[PDB]
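The residues making up each chain are set out below.
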Amino acid sequence: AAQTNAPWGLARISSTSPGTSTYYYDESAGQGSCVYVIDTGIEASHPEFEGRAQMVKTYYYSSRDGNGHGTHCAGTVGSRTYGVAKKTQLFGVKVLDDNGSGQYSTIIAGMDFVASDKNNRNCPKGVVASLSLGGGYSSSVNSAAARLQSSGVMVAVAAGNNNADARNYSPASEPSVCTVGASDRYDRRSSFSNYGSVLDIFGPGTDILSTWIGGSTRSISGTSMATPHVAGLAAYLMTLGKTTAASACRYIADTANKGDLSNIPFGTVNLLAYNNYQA
Ligand SMILES: [Ca+2]
Ligand SMILES: [Cl-]
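Residues numbered from 1 in each chain as written, not as in the entry; some residues may be left out. Chains lettered and ligands numbered in written order. Heavy atoms only, no water.

**Student:** Is there a simple way to think about the layout of surface pockets in this case?
**Tutor:** The calculated volume of the largest pocket comes to roughly 260 Å³. Surrounding the largest pocket, 21 residues form its lining, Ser-132, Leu-133, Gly-134, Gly-135 and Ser-224 being those nearest its centre. Of all the elements in the fold, those that place two or more residues in the lining of the largest pocket are α3 (104-117), β9 (169-170) and α5 (223-239). Across the lining of the largest pocket, the residue classes break down as eight nonpolar, 13 polar and no charged. Put simply, the second largest pocket is a space of about 220 Å³. Considering the residues around the second largest pocket, the lining is formed by 16 residues, among which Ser-176, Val-177, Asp-200, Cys-249 and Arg-250 are closest to the centre. Counting residues per element, the ones that place at least two in the lining of the second largest pocket are β8 (153-158) and α6 (248-255). In terms of residue count, the dominant contributor to the lining of the second largest pocket is α6 (four residues). Here the lining of the second largest pocket is composed, by residue class, of 12 nonpolar, two polar and two charged. (1 Å grid on protein atoms, 1.4 Å probe; cavity = no way out; pocket = protein on both sides within 12 Å on 5 of 7 lines; lining within 4 Å. Points joined across faces, edges and corners; volume = space filled by probe spheres on them. Helix = DSSP H or I, 4+ residues; strand = E, 2+ residues; numbered from the N terminus. Nonpolar A, V, L, I, M, F, W, Y, C, P; charged D, E, K, R; others polar.)

Put into structure tokens, the structure is as follows:
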């Protein structure tokens, strides 16, 4: 399949070179997989989700995404126009308030929730969790992310946006999950992206167009935007049978575009998520 005039990041993950405009992908499109978006919620009614999104848990007064962030990230995972895995099932877990903030105890509880809830969902191609969130180092947060991964969920987490070593951020610094840095459309490390030995992969994160609340769309930037590219790529690759929840991060690193990014500090991977699609 090919999507012409795609958001740059979608085109990027299906090209060995920057600057293209068509997103090439197998039409299975993540069908049969499920991705939990652990965030501010998801506006499931957005036409771009086509009935494939639903809220399954909230830690606030409403399940409504009153911010937009969670809807944006969900859209990069799996919306029709803006998503990597256009036929996946999306599940929203609202651990962040409508200002985009959340307490660690709440974020932990939402991870544990997914580890259990997935046992009551039909996800025959597997389960992914996208965590476009985090703050400073916390062993308890890292342990929660490790638990979610061990339970059989492909965990993708944001590296953080401090132009600093991700070793001092959580859940970014948990080794056993997939820690995602951000790049721009010219294959530079995004100006804000964290780096370091714990990063597994880069994805597009500067000026990413996706869904927003109110049935809208907008472009924003962050390692929060890179993360759902990787989560969606994992779902896509799991539906194709190429990898599993346990092995998907490693598979994505194995198959990544290598040494194409600039301003990567020595000791950080120079690896850009790539679907290696061959019509
Ligand atoms: Ca890792
Ligand atoms: Cl709910």
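**Student:** Would you mind showing me how to read the packing of α5 against α6 here?
**Tutor:** One can describe the packing of α5 onto α6 by two numbers: an axis separation of 10 Å at closest approach and a directional angle of 100 degrees. Between α5 and α6, the angle is such that the two are roughly perpendicular. For the pair α5 and α6, contact is made by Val-230, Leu-233, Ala-234 and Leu-237 and by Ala-248, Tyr-251 and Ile-252, respectively. For the contact of α5 with α6, a count of residues per class yields seven nonpolar, no polar and no charged. (Axes fitted to C-alpha atoms, helices over the stretch in contact; angles between N-to-C directions. Parallel < 35°, antiparallel > 145°, perpendicular 65-115°, else oblique. Contact = heavy atoms within 4.5 Å.)

**Student:** Hey, could you run me through α6 in this one?
**Tutor:** Because an α-helix packs 3.6 residues into every turn, residues spaced three or four apart end up facing the same way. Burial in α6 covers these residues: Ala-248, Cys-249 and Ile-252. Across the axial projection of α6, the buried residues extend over an arc of 105 degrees, all falling on one side. Opposite the packed face of α6, turned more than 90 degrees from it, sit the exposed residues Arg-250 and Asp-254. The elements touched by buried residues of α6 are β8, β10 (178-183), β11 (201-204) and α5. (Buried < 20%, exposed > 50% of the residue type's maximum accessible area, 1.4 Å probe, protein only. Arc of directions from axis to C-beta.)

**Student:** Just checking my understanding: could you explain the packing of helix α2 (residues 69-78) against α5 for this structure?
**Tutor:** Helix-helix packing is described using two parameters, namely the angle between the two axes and the distance between the axes. Contact geometry for α2 and α5: axes closest at 7 Å, N-to-C directions at 35 degrees. With respect to the hand of their crossing, α2 and α5 are arranged in right-handed fashion. Residues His-69, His-72, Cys-73, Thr-76 and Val-77 of α2 lie in contact with α5, whose contacting residues are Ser-224, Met-225, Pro-228, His-229, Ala-231 and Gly-232. Among the residues making up the contact of α2 with α5, the classes are represented as five nonpolar, six polar and no charged. (Left-handed = near helix turned anticlockwise from the far one by under 90°.)

**Student:** Could you clarify how one ought to interpret the coordination of the calcium ion (ligand 1) in this entry?
**Tutor:** Six octahedral donors around a metal ideally make angles of 90 or 180 degrees; four tetrahedral donors ideally make 109.5 degrees. The calcium ion (ligand 1) binds to the protein through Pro-175 (O), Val-177 (O), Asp-200 (OD) and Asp-200 (OD), with metal-donor distances spanning 2.4 to 2.7 Å. Ordering the donors of the calcium ion (ligand 1) by residue number gives the pattern P-x1-V-x22-D. With a gap of 25 residues between them, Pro-175 in the loop between β9 and β10 and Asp-200 in the loop between β10 and β11 connect regions that are remote in the sequence. (Donors = N, O, S within 2.8 Å, 3.2 Å for Na, K, Ca; no water.)

**Student:** Help me understand unusual backbone geometry, please; the structure alone is not making it clear to me.
**Tutor:** Trans is the common state for peptide bonds, and a negative phi is the common state for residues other than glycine. In this structure, the amide linkage connecting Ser-170 to the following residue, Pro-171, adopts the cis form with an omega of 0 degrees. In this structure, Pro-171 sits in the loop between β9 and β10. Of note in the backbone geometry, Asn-5 takes a positive phi value of approximately 50 degrees without being a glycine. Tracing the chain through its elements places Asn-5 in the loop between β1 (2-3) and α1 (8-13). Among the residues examined, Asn-5 registers a relative accessible area of 67% and is labelled exposed.

**Student:** For this particular structure, what's the right way to read the UniProt feature "active site" in the protein?
**Tutor:** Under the local residue numbering, the UniProt record ascribes the feature "active site" to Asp-39, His-69 and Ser-224. A maximum C-alpha distance of 9.9 Å is found for the annotated residues, which run over 186 residues; spatially they form one tight group. Of the annotated positions mentioned, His-69 and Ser-224 line the largest pocket. With respect to the helices and strands, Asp-39 occurs in strand β3 (residues 33-39). Overall, the relative accessible area of 0% leaves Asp-39 in the buried class. When residues no more than four places from it in sequence are discounted, the contact partners of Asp-39 are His-69, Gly-70, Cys-73, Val-93, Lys-94, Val-95, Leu-96 and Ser-132. Polar side-chain contacts of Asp-39 include one of 2.7 Å to the side chain of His-69. On the basis of relative accessibility, which here comes to 17%, the residue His-69 falls in the buried class. (UniProt positions renumbered as here; feature names shortened; annotations may be inferred. Polar contact = N/O pair within 3.5 Å; in protein donor to acceptor, adjacent residues only side chain to side chain.)

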